[PDB]
Structure formats: C-alpha cells, structure tokens
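So the structure is just underneath, and the comments pick up after that.
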2 protein chains.
Amino acid sequence: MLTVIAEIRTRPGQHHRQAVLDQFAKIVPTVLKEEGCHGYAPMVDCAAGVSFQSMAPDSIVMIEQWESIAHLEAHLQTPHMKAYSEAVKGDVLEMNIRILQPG
Amino acid sequence: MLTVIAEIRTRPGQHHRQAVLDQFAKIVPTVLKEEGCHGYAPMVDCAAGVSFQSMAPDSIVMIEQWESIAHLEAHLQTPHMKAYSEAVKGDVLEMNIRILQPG
C-alpha cells in the first residue's frame, strides 16, 4: 500500500557509489523475501541525452513497496540493514525517505 | 525497462495540487493503455509521523515505466498530455524528470 522512494546521496569520487550498489547486490534478494515487501529496487540514472532529464551521478534511488509502516520499521531493524549501514558508512552522505500513497 | 520518476511541484495554496490530481484522474487510464507503458501513478506524501520521513505537500511524484525513450517521447506528444499541460499551467511551477534503470 505504501511506496517508499529513498534517495541515497553517495560520496563523489572513486567507486563510493558502486560500493553501495555492491552492498545492495548482497541484500536485495533477502529484502525482497522480507515480510511486507512488494518491491525493493536500487535505481541509478540512465543518461538519455534529452534536455528534460535531470541526472545525479552520486545518487541511488530506491523504489520500494511495503504493506505498512510497521513492516518498513521492522525492515530497518533487520540484520541485513544494520550490516548494510555499517558497511556503507564511509560511502553515504545522506538519505531522503519519502513515503507515498496514490494521489 | 526505463523507470521515470517525475516530481511535479505545484503552486502552494488553494487546491492547486488537487486540481493537478484531478487532471491526472482523467488521463491515467488513457496513459496506461499507451504503447510502451507499464505504469503511470501520481503519488503524494502519506504523513506517517516518523522522523526519518521527508514531506513535501506541494509535490506530486509520478512513478512511471516505459519500454524505451521512444515510447516516453511519444507519450509527451500525445493529446491527452498537451491537454493536461494546458489545463495545469496556472497550477504547476516545475517538473524534475529522472529516468532510471536498475543499478
């Protein structure tokens, strides 16, 4: 019912962003079997060469679906997320979490 | 293959945002039958009362899926979109279009 778009801003420069994606590669199959999870995808800009596109190369955009706030809050306490957090602490600068519903 | 997240910033105040949503209510079934379209949903913040959530009440976030850039570019020239644009010109301030792929 809830869609989460979390933008993760990574440190510029030498594979900070790929290191974050590599952490996601380890965890996404597990997140996706989490209870309440109907989607969890780390997306990056695709350069399309069109004027109307905005790009942000030090950015990963997470598109997620969660059945409820309770399920999202359990998700954040799971071990794979505390492990992720620990592993990316030198590569991430911030994360902006929106929680959305059909408008 | 392509995911578009377009954030539409509406003018603050008396139902500018609802007027935009009402335009979307007319067009979304049609957009969704467009060729190349595997999703087209106007989302708004759900107040969740949690510290980590960022909210933006004069914002609509479009989450879309398009088979290609050619299909997205045709979409923008369709009559329902030129009609939408015309109808919302006094309610919208800007639109930030990201075009994303799996990272």
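Just remember, in the structure tokens the first chain shown is A, the second B, etc., residues are 1-based per chain, and ligands are 1-based in the order shown.
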
Worksheet entry | Exercise: residue 98 in chain A partners within 7 Å, only C-alpha atoms, chain neighbours under 5 positions left out, as a PyMOL selection string | (chain A and resi 4-6) or (chain B and resi 45+53-55)

Those residues you just picked out, can you put them in a file as a PDB file, in the first residue's frame with N, CA, C and O atoms?
```pdb
ATOM      1  N   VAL A   4       7.854   3.737  -1.053  1.00  0.00           N
ATOM      2  CA  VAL A   4       8.956   4.451  -0.438  1.00  0.00           C
ATOM      3  C   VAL A   4       9.866   4.762  -1.549  1.00  0.00           C
ATOM      4  O   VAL A   4      10.225   3.887  -2.370  1.00  0.00           O
ATOM      5  N   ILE A   5      10.196   6.042  -1.678  1.00  0.00           N
ATOM      6  CA  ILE A   5      11.280   6.421  -2.608  1.00  0.00           C
ATOM      7  C   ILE A   5      12.389   7.024  -1.736  1.00  0.00           C
ATOM      8  O   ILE A   5      12.166   8.072  -1.085  1.00  0.00           O
ATOM      9  N   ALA A   6      13.528   6.344  -1.631  1.00  0.00           N
ATOM     10  CA  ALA A   6      14.595   6.824  -0.732  1.00  0.00           C
ATOM     11  C   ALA A   6      15.735   7.195  -1.604  1.00  0.00           C
ATOM     12  O   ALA A   6      16.279   6.343  -2.288  1.00  0.00           O
TER      13      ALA A   6
ATOM     14  N   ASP B  45       2.724  12.451  -0.674  1.00  0.00           N
ATOM     15  CA  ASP B  45       3.155  12.033   0.657  1.00  0.00           C
ATOM     16  C   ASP B  45       2.005  11.488   1.494  1.00  0.00           C
ATOM     17  O   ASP B  45       0.841  11.943   1.412  1.00  0.00           O
ATOM     18  N   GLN B  53      10.971  10.407   7.720  1.00  0.00           N
ATOM     19  CA  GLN B  53      10.159  10.767   6.508  1.00  0.00           C
ATOM     20  C   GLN B  53      10.368  12.258   6.156  1.00  0.00           C
ATOM     21  O   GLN B  53      10.297  13.139   7.064  1.00  0.00           O
ATOM     22  N   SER B  54      10.665  12.580   4.915  1.00  0.00           N
ATOM     23  CA  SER B  54      10.526  13.918   4.406  1.00  0.00           C
ATOM     24  C   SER B  54       9.213  14.082   3.616  1.00  0.00           C
ATOM     25  O   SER B  54       8.770  13.166   2.828  1.00  0.00           O
ATOM     26  N   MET B  55       8.575  15.215   3.871  1.00  0.00           N
ATOM     27  CA  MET B  55       7.265  15.513   3.239  1.00  0.00           C
ATOM     28  C   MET B  55       7.346  16.768   2.434  1.00  0.00           C
ATOM     29  O   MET B  55       8.181  17.655   2.752  1.00  0.00           O
TER      30      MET B  55
END
```

Worksheet entry | Shell around range 29-32 of chain B at 10 Å using only C-alpha atoms, local window under 2 positions removed, as a PyMOL selection string | chain B and resi 24-27+34-41+64-65+75+78+80-81

Prev. selection, N, CA and C atoms, output as an mmCIF file, in the first residue's frame:
```cif
data_model
loop_
_atom_site.group_PDB
_atom_site.id
_atom_site.type_symbol
_atom_site.label_atom_id
_atom_site.label_comp_id
_atom_site.auth_asym_id
_atom_site.auth_seq_id
_atom_site.Cartn_x
_atom_site.Cartn_y
_atom_site.Cartn_z
ATOM 1 N N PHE B 24 -5.066 14.430 -13.535
ATOM 2 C CA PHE B 24 -4.476 13.106 -13.695
ATOM 3 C C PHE B 24 -5.576 12.102 -13.639
ATOM 4 N N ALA B 25 -6.549 12.294 -12.769
ATOM 5 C CA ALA B 25 -7.650 11.319 -12.743
ATOM 6 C C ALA B 25 -8.306 11.087 -14.139
ATOM 7 N N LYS B 26 -8.399 12.126 -14.984
ATOM 8 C CA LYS B 26 -8.910 11.999 -16.330
ATOM 9 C C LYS B 26 -8.045 11.291 -17.294
ATOM 10 N N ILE B 27 -6.747 11.395 -17.132
ATOM 11 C CA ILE B 27 -5.847 10.885 -18.074
ATOM 12 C C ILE B 27 -5.186 9.585 -17.743
ATOM 13 N N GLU B 34 -1.374 3.469 -23.193
ATOM 14 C CA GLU B 34 -0.425 3.920 -24.197
ATOM 15 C C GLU B 34 0.534 2.836 -24.431
ATOM 16 N N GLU B 35 1.009 2.838 -25.658
ATOM 17 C CA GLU B 35 2.012 1.877 -26.044
ATOM 18 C C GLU B 35 3.350 2.105 -25.312
ATOM 19 N N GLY B 36 3.925 1.030 -24.816
ATOM 20 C CA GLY B 36 5.150 1.176 -24.082
ATOM 21 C C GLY B 36 4.937 1.405 -22.581
ATOM 22 N N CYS B 37 3.727 1.532 -22.077
ATOM 23 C CA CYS B 37 3.536 1.991 -20.708
ATOM 24 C C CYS B 37 3.297 0.872 -19.803
ATOM 25 N N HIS B 38 4.170 0.683 -18.798
ATOM 26 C CA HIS B 38 3.915 -0.368 -17.839
ATOM 27 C C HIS B 38 3.672 0.136 -16.452
ATOM 28 N N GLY B 39 3.293 1.409 -16.369
ATOM 29 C CA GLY B 39 2.981 2.008 -15.058
ATOM 30 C C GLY B 39 3.009 3.539 -15.183
ATOM 31 N N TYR B 40 2.128 4.172 -14.472
ATOM 32 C CA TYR B 40 1.940 5.611 -14.530
ATOM 33 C C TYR B 40 1.100 5.959 -13.308
ATOM 34 N N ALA B 41 1.749 6.294 -12.199
ATOM 35 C CA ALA B 41 0.964 6.515 -10.962
ATOM 36 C C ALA B 41 1.370 7.862 -10.287
ATOM 37 N N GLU B 64 6.610 5.945 -13.101
ATOM 38 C CA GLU B 64 6.218 5.505 -14.409
ATOM 39 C C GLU B 64 7.178 4.448 -14.893
ATOM 40 N N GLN B 65 6.701 3.632 -15.838
ATOM 41 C CA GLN B 65 7.572 2.672 -16.542
ATOM 42 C C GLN B 65 7.306 2.709 -18.027
ATOM 43 N N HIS B 75 4.811 9.635 -25.781
ATOM 44 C CA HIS B 75 3.855 9.923 -24.692
ATOM 45 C C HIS B 75 3.677 11.425 -24.460
ATOM 46 N N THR B 78 1.373 13.238 -26.931
ATOM 47 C CA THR B 78 0.015 12.784 -27.134
ATOM 48 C C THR B 78 -0.946 13.842 -26.765
ATOM 49 N N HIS B 80 -3.684 13.769 -24.951
ATOM 50 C CA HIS B 80 -4.077 13.930 -23.526
ATOM 51 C C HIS B 80 -2.939 14.721 -22.730
ATOM 52 N N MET B 81 -1.648 14.578 -23.071
ATOM 53 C CA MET B 81 -0.574 15.335 -22.346
ATOM 54 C C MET B 81 -0.507 16.828 -22.674
#
```

Worksheet item: Counting only C-alpha atoms, which residues of chain A come no farther than 8 Å from chain B, as a ChimeraX atom specification?
Response: /A:21,41-48,52-55,60,69,96-103

Please write the residues from the selection above to a file, keeping N, CA and C atoms, as an mmCIF file, in the first residue's frame.
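Once everything was written out, this is again.cif:
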```
data_model
loop_
_atom_site.group_PDB
_atom_site.id
_atom_site.type_symbol
_atom_site.label_atom_id
_atom_site.label_comp_id
_atom_site.auth_asym_id
_atom_site.auth_seq_id
_atom_site.Cartn_x
_atom_site.Cartn_y
_atom_site.Cartn_z
ATOM 1 N N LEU A 21 26.180 -0.030 -4.302
ATOM 2 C CA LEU A 21 25.406 -0.929 -5.119
ATOM 3 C C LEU A 21 25.831 -2.353 -4.837
ATOM 4 N N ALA A 41 14.021 -1.891 -5.168
ATOM 5 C CA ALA A 41 14.939 -1.848 -6.330
ATOM 6 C C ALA A 41 15.851 -0.585 -6.265
ATOM 7 N N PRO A 42 17.166 -0.757 -6.272
ATOM 8 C CA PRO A 42 18.101 0.375 -6.341
ATOM 9 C C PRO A 42 18.319 0.806 -7.758
ATOM 10 N N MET A 43 17.969 2.028 -8.064
ATOM 11 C CA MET A 43 17.936 2.507 -9.452
ATOM 12 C C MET A 43 19.025 3.570 -9.541
ATOM 13 N N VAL A 44 19.663 3.681 -10.663
ATOM 14 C CA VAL A 44 20.569 4.813 -10.975
ATOM 15 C C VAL A 44 20.138 5.539 -12.295
ATOM 16 N N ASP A 45 20.542 6.809 -12.480
ATOM 17 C CA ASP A 45 20.245 7.493 -13.736
ATOM 18 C C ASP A 45 20.724 6.707 -14.950
ATOM 19 N N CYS A 46 19.868 6.667 -15.958
ATOM 20 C CA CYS A 46 20.271 6.217 -17.284
ATOM 21 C C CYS A 46 20.486 7.499 -18.167
ATOM 22 N N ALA A 47 21.710 7.855 -18.501
ATOM 23 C CA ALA A 47 21.934 9.026 -19.428
ATOM 24 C C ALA A 47 21.143 8.851 -20.746
ATOM 25 N N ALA A 48 20.228 9.768 -20.986
ATOM 26 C CA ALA A 48 19.379 9.585 -22.116
ATOM 27 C C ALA A 48 19.612 10.712 -23.150
ATOM 28 N N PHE A 52 15.175 17.386 -21.059
ATOM 29 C CA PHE A 52 14.276 17.421 -19.918
ATOM 30 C C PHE A 52 14.732 16.506 -18.738
ATOM 31 N N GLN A 53 15.694 15.591 -18.963
ATOM 32 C CA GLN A 53 16.208 14.642 -17.919
ATOM 33 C C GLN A 53 17.131 15.393 -16.931
ATOM 34 N N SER A 54 16.924 15.251 -15.638
ATOM 35 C CA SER A 54 17.912 15.596 -14.652
ATOM 36 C C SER A 54 18.679 14.349 -14.170
ATOM 37 N N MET A 55 19.985 14.541 -14.049
ATOM 38 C CA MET A 55 20.886 13.430 -13.647
ATOM 39 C C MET A 55 21.611 13.774 -12.389
ATOM 40 N N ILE A 60 21.615 7.117 -5.627
ATOM 41 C CA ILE A 60 20.902 5.860 -5.897
ATOM 42 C C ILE A 60 19.525 6.122 -5.454
ATOM 43 N N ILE A 69 3.506 0.837 7.481
ATOM 44 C CA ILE A 69 4.595 1.422 8.212
ATOM 45 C C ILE A 69 5.298 0.422 9.167
ATOM 46 N N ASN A 96 17.209 10.624 1.829
ATOM 47 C CA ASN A 96 15.900 11.359 1.901
ATOM 48 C C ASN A 96 14.799 10.316 1.616
ATOM 49 N N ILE A 97 14.005 9.955 2.637
ATOM 50 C CA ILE A 97 12.979 8.985 2.569
ATOM 51 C C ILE A 97 11.623 9.612 2.398
ATOM 52 N N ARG A 98 11.019 9.477 1.198
ATOM 53 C CA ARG A 98 9.597 9.656 1.057
ATOM 54 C C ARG A 98 8.784 8.392 1.134
ATOM 55 N N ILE A 99 7.589 8.594 1.686
ATOM 56 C CA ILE A 99 6.640 7.577 1.904
ATOM 57 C C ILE A 99 5.374 8.124 1.284
ATOM 58 N N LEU A 100 4.906 7.393 0.303
ATOM 59 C CA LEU A 100 3.915 7.930 -0.605
ATOM 60 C C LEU A 100 2.694 6.956 -0.655
ATOM 61 N N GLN A 101 1.551 7.481 -1.063
ATOM 62 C CA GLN A 101 0.397 6.677 -1.428
ATOM 63 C C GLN A 101 -0.214 7.266 -2.714
ATOM 64 N N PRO A 102 -1.161 6.540 -3.316
ATOM 65 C CA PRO A 102 -1.833 7.028 -4.540
ATOM 66 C C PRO A 102 -2.481 8.330 -4.380
ATOM 67 N N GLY A 103 -2.228 9.272 -5.279
ATOM 68 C CA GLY A 103 -2.786 10.592 -5.032
ATOM 69 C C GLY A 103 -4.018 10.928 -5.850
#
```

Worksheet item: What are the DSSP helix (DSSP H, G or I) residues of chain A, as a PyMOL selection string?
Response: chain A and resi 16-32+69-76+79-87

Taking N, CA and C atoms for each residue, export the selection above as a short mmCIF file (atom, residue, chain, number, x, y, z; two decimals), in the first residue's frame.
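For reference, part18.cif as written:
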```
data_model
loop_
_atom_site.label_atom_id
_atom_site.label_comp_id
_atom_site.auth_asym_id
_atom_site.auth_seq_id
_atom_site.Cartn_x
_atom_site.Cartn_y
_atom_site.Cartn_z
N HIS A 16 32.65 5.04 -4.58
CA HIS A 16 31.75 5.05 -3.48
C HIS A 16 30.36 4.56 -3.86
N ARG A 17 29.84 5.03 -4.99
CA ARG A 17 28.52 4.59 -5.40
C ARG A 17 28.46 3.05 -5.75
N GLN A 18 29.46 2.53 -6.47
CA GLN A 18 29.48 1.12 -6.82
C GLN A 18 29.61 0.30 -5.56
N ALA A 19 30.37 0.79 -4.59
CA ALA A 19 30.47 0.04 -3.31
C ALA A 19 29.10 -0.01 -2.71
N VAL A 20 28.28 1.08 -2.78
CA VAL A 20 26.93 0.97 -2.19
C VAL A 20 26.07 -0.06 -2.98
N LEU A 21 26.18 -0.03 -4.30
CA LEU A 21 25.41 -0.93 -5.12
C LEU A 21 25.83 -2.35 -4.84
N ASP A 22 27.13 -2.57 -4.63
CA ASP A 22 27.58 -3.91 -4.34
C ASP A 22 27.02 -4.37 -3.01
N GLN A 23 26.91 -3.52 -1.99
CA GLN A 23 26.21 -3.94 -0.80
C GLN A 23 24.78 -4.31 -1.10
N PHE A 24 24.10 -3.56 -2.00
CA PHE A 24 22.70 -3.84 -2.29
C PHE A 24 22.63 -5.15 -3.00
N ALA A 25 23.57 -5.42 -3.90
CA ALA A 25 23.52 -6.72 -4.57
C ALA A 25 23.45 -7.93 -3.58
N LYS A 26 24.11 -7.84 -2.42
CA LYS A 26 24.04 -8.86 -1.40
C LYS A 26 22.77 -8.97 -0.66
N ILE A 27 22.08 -7.87 -0.48
CA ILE A 27 20.93 -7.84 0.32
C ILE A 27 19.61 -7.85 -0.38
N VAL A 28 19.51 -7.42 -1.63
CA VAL A 28 18.14 -7.21 -2.27
C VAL A 28 17.26 -8.50 -2.29
N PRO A 29 17.83 -9.68 -2.64
CA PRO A 29 17.05 -10.94 -2.57
C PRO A 29 16.52 -11.23 -1.20
N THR A 30 17.31 -10.98 -0.18
CA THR A 30 16.81 -11.08 1.16
C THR A 30 15.76 -10.04 1.49
N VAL A 31 15.92 -8.77 1.04
CA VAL A 31 14.93 -7.78 1.41
C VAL A 31 13.63 -8.18 0.79
N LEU A 32 13.73 -8.62 -0.43
CA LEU A 32 12.54 -8.94 -1.18
C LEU A 32 11.70 -10.13 -0.58
N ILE A 69 3.51 0.84 7.48
CA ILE A 69 4.60 1.42 8.21
C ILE A 69 5.30 0.42 9.17
N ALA A 70 4.50 -0.50 9.80
CA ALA A 70 5.08 -1.49 10.72
C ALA A 70 6.03 -2.36 9.97
N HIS A 71 5.70 -2.75 8.75
CA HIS A 71 6.62 -3.60 8.04
C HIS A 71 7.95 -2.90 7.62
N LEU A 72 7.87 -1.63 7.15
CA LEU A 72 9.03 -0.77 6.89
C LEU A 72 9.85 -0.55 8.13
N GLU A 73 9.21 -0.25 9.25
CA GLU A 73 10.00 -0.08 10.50
C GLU A 73 10.76 -1.44 10.92
N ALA A 74 10.14 -2.61 10.73
CA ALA A 74 10.84 -3.89 11.05
C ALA A 74 11.97 -4.04 10.12
N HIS A 75 11.74 -3.68 8.85
CA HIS A 75 12.78 -3.80 7.81
C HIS A 75 14.08 -3.09 8.21
N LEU A 76 13.95 -1.91 8.80
CA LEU A 76 15.08 -1.08 9.13
C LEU A 76 15.84 -1.66 10.34
N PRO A 79 18.84 -7.54 10.40
CA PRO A 79 20.29 -7.59 10.41
C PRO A 79 20.87 -7.27 9.15
N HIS A 80 20.30 -7.69 8.06
CA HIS A 80 20.97 -7.30 6.79
C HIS A 80 21.03 -5.71 6.67
N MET A 81 20.05 -4.95 7.19
CA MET A 81 20.12 -3.45 7.10
C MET A 81 21.13 -2.80 8.04
N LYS A 82 21.27 -3.30 9.26
CA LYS A 82 22.30 -2.83 10.16
C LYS A 82 23.63 -3.23 9.62
N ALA A 83 23.74 -4.39 8.99
CA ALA A 83 25.00 -4.74 8.38
C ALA A 83 25.35 -3.82 7.18
N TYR A 84 24.34 -3.57 6.34
CA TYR A 84 24.44 -2.64 5.18
C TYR A 84 24.89 -1.29 5.70
N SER A 85 24.26 -0.81 6.74
CA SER A 85 24.56 0.50 7.20
C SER A 85 25.96 0.62 7.62
N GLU A 86 26.41 -0.38 8.40
CA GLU A 86 27.78 -0.41 8.83
C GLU A 86 28.73 -0.45 7.65
N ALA A 87 28.43 -1.29 6.67
CA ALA A 87 29.35 -1.44 5.56
C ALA A 87 29.40 -0.18 4.66
#
```

Worksheet entry | Nearest-residue call for residue 10 in chain A, choices A:33, A:49, A:88, A:59, using only C-alpha atoms | A:59

Worksheet item: Quick one: of A:1, A:13, A:8, A:92, who's nearest to residue 67 in chain A, counting only C-alpha atoms?
Response: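 For residue 67 in chain A, the nearest of the candidates is A:1.
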
Item to complete: Apply DSSP to the structure's backbone, then extract all residues of chain A labelled strand (DSSP E) and return them as a PyMOL selection string.
Response: chain A and resi 2-10+37-45+59-66+92-102

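Atom pair CA of residue 91 in chain B / CA of residue 68 in chain B has a distance of 29.1 Å (rounded to one decimal).
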